[PDB]
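Given next are two forms of a protein chain, the same chain in both, each as structure tokens and marked structure 1 or structure 2.
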Structure 1
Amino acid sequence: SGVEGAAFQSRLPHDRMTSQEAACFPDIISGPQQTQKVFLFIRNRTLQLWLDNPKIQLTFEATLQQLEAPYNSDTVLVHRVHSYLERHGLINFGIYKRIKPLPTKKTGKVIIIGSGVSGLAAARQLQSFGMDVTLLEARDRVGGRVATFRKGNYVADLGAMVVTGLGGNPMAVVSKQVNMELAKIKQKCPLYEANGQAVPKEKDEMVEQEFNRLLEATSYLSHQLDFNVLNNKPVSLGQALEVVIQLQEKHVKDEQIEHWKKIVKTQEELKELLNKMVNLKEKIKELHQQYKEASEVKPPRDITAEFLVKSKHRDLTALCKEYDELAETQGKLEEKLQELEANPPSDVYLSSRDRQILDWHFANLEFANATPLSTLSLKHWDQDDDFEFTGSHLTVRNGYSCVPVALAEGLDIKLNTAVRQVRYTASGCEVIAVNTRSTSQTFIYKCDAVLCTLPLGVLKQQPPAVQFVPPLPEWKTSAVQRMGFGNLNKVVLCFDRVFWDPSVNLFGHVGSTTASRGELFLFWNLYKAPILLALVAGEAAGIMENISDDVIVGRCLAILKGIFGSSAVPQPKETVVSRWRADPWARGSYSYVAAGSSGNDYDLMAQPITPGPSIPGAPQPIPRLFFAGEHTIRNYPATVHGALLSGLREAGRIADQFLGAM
């Protein structure tokens, strides 16, 4: 609450100093706990002021004027703290109104490759530190993977679409500045099977609950039994889920076999008793005949004949008592048996109606991670799960493009300029680009630094789209190999009227096979106008890229009619299909932690490259080639906020380097 809220909303602990701060304020962190708590209030209070209104540049003069002693006291420390938050982009980022118009005495020159959000965030920061910044993008528009489709009042995002909570999200600040309209998302999502009828409710829950367990089970499998390598090869979340399901199937059988083997041991005991009772009956039979024969010797008989009746009479009432007690412990075993033959264990682990609803839960996972589960690291797929924001996820009714468009305002963005070669040396860098329209036309940009927001997809392509001169060193390229670049596609269906449940944000279709859990597995409304997004995920995303839009929209209306009626669902006015893996300025959707990657590759991807020296025996040059992007930020990968933070970061790194540290 208050000073502490601002720390948390700035992704920082109010309690204690970060590593970034230890680096810049070693005097303090190594010094007494008293001076640390001062530092910490100034930092938190300075942040609070920024956030409390982030449409106005917050100056040094301003912050000092709204501290009060004892913190107010040391006006150097306050100016250091203010200038630290300024670089590292914790305050005065996004769209502020500058109070002092930045001077035209621009110092140092930087080429930024790509009008990413990462690109634009950095561009704006470097500009506000008074550097000379030019952005070079291949596309005919800014935004990159923040692509929004307009056509009349119809507006739908084919790229980033969701603000994944405002609780510590830097986009929380950008939304106040840009006045983009955020609508909430009710995550409740009814399923509907292939046949087109809502999975009933008690099913929905049995399967979800079982999904949620099966995951937790891979986590136990990973951390507890250390099942993370198998035949010299890293285990996938996929492999682990199969090995868990195969074992839950194997326990169902072990369980039946244990139960029938227990019935059989009872029947083999009832048998040992019947064999005994049948030998006593046929022996009693014999003895009774002997008693009647002896009993029928009419008296007056002597005493041995009298003893013979009296004896046999006993010997029989004895064997009759044995067989009465064997026949009671018979009637116990026939109940023990009507008990067991009435209380079986479970027949199956999952039916095929079940194993298919489970497959829709695996598509939702394949959709979120933008890749088949066969590719996700078992040890590391959920590494960023610590830094997830707070509050409900939100769509942008407005269309997310409204952000990068607003970030672009005031930058030297050269559009339709495909970078082809980045050359970096002791004395500086040349970027060589071409006009994407007429490609013979060649452009040369000279600069002190190159900032590369090139997507991991592009960085991966062979033969390469962009050549580095000299080559990126193994440690960098190896990381680009190890790291995963995924895929996820949307289908935009604009109708004339709403024929779905307006108070339901999303709903799912369950495919008939595992092999296509992903094919049009889920449907959103923007709900503003009558639009339905349909997501393609998993192995499916990749394959549906070679299938005409008419066919995809066919499979779509097919499904929708299944669920809502035939005369209910009209033809769409307008349809679009994303084909991200095909798009050569993307080569896919966003990063993922592949098996045999870690989070540590995200860190390699951010470390800048320092050229060798030009004259042998010459001071160690400065770093020249820097990297930002969704794929460079360990704790917030594959997002917009992660991009935006990665840019804010490389801006600091480059100013620290070329304008000397604050």
Structure 2
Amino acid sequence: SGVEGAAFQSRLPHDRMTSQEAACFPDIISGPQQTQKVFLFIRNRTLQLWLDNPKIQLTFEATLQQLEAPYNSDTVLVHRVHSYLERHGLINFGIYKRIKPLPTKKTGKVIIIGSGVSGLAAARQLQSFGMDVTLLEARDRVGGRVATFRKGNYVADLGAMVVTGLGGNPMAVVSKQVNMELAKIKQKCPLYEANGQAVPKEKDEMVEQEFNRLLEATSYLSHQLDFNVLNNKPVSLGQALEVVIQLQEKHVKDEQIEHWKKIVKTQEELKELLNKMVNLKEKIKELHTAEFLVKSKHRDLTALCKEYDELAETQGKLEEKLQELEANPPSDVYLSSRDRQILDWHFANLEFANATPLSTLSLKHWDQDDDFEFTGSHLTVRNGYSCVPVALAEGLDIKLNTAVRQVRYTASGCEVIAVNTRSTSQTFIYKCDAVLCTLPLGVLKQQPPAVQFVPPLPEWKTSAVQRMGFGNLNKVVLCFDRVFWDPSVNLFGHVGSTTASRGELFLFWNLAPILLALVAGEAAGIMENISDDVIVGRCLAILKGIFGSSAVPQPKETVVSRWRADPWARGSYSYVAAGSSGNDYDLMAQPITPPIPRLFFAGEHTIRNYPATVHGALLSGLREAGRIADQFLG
């Protein structure tokens, strides 16, 4: 599975041609299947050669010399496959030693707005393709939403921190190229209630199980029964979850009522059987030849005692049924008050991963990209994720503290206007043939706008911008000079007191003596209005309740993100809002033409299968580089 592995690691089926390939190789698709098999092998083998050694450029010549007979004889097919893989960034992407040209002459000028991972990835491709490219970045650093805090021996990521599995992840290649150290995240996450006591194992698993059944029930309601619209409004995941919970509570109350009726019935029978027994005793009373009269009262009294003694047995078969029934009552409630708070911790955790309250997520599409998840454990970046954007910036023409304010594009070229953010007096004007916009969705949604488009973007584009969600989440970095927590535990949770505030500092994690506290959901935007000192104080109180007031010292350093207030972000990353879908991600990727595409788009919000991630941003950049090169360089 070597060549089979290369296709998989490249997100491609090893045994068939993708739609994109069919388009580029119409003669292969509509030809001898035997040729397709040769195409797929050359493609898979070329990807393998690249994947086995991504720190060095894989040339056409070298691909040909390493292919085996007969493949090494079809020079022309190999060239076409290598050119295709290269143009689209499946090989020779990221950071690697070139071993050939980098023509001193440059064809075409492209301006790239934003120097985040998508802009950086696209730039390296475009430059290696021989175009003249310049990146305009508003901040005084590269990386965008990859933002690493570094002081002394302290390292912590305020932006992206997790590599979500290596299997199929292009970040696996990049990780090798920049030598970024990755470490698995242990899953064990003990939970502590608001009073500091740990949630027992049995309870933990019970609630988690319900969390899972609840989500599965909404998935069933949505994709099997199609209940995605109600009162002419798209249903949200949070809305559906609350209804499923209501049904559970109704069911519990129903079974409770039936059990009470069983009790009351049994009680009524006992009461009645008792009354007839009392009346029979009274009959036995009254009832209480001479020789014959004796035998006669005998058969009479014994007939009434064959009646009464028996009545006492059917009575014992009732007092038995009763006492059982009320020893085996059904559940009193679906979720106890505490149980619900623990369930809210799992919802808070989901709001964290999705960067938004559950009531804003599309029930039908929120998890639209699951089928593309990578395989493998999730890893964290020991030395800080900024090592990637920093290494990708090597050798590019990047203009920092340069905030773009207007993008003008015509059938003859474009102009990008920006201003120095250190001296808002001077305004630069950069002319070019094409503009690649990597501005965050949050910035594109800004009202009044942060950057004007002349002409204004089409309605089909802006309405997509408006429908799509742009979430938020924050982190508080607590640097200590000591480790007072369990070092064999990477994560531990804090169960809040209310549903509304379930996302407040609900999670803590480590890996130096550093703890990060996470703020999710509704709490994420609200907490940004609290000073660092006060938020830090709330963290310590929580930690003190867990570990003990004397075990928790004051932090040496703290850093608090406020992604929604950050003007260059306006949030953390997108999410499929109620009323949107995977299609808006495609609409966001569509280039704008004045009869030749001039304005292009990349960014995590323009890639349908991998949104809201660093790998998605990277792939979107590789994608646009290819589309732009195809237009200008042929």
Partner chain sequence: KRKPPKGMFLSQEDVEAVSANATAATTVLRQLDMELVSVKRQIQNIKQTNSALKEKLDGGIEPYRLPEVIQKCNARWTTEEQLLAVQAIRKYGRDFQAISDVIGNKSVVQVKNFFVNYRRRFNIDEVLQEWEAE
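The term rigid core refers to the maximal set of C-alpha atoms that superpose within 1.5 Å between the two forms. Quick note, the numbers are simply positions in structure 1, starting from 1.
- Comparing the two isolated chains, structure 1 is the one taken from the form solved in complex with its partner chain; structure 2 is not.
- Look at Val252, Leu67, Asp603, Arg150: the residue sitting at the hinge between the two structures, where one rigid part turns on the other, is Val252.
- Treated as two rigid bodies, the chain shows a rotation of the smaller part against the larger of 8° between the two structures, based on C-alpha superposition.
- Relative displacement of the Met206 Cα between the two structures on rigid core alignment is 0.5 Å.
- Comparison between the two structures places the CA of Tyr323 6.4 angstrom away from its other position, after core fitting.
- Taking the core as the fixed frame between the two structures, we note the C-alpha of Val309 moving 10.9 angstrom.
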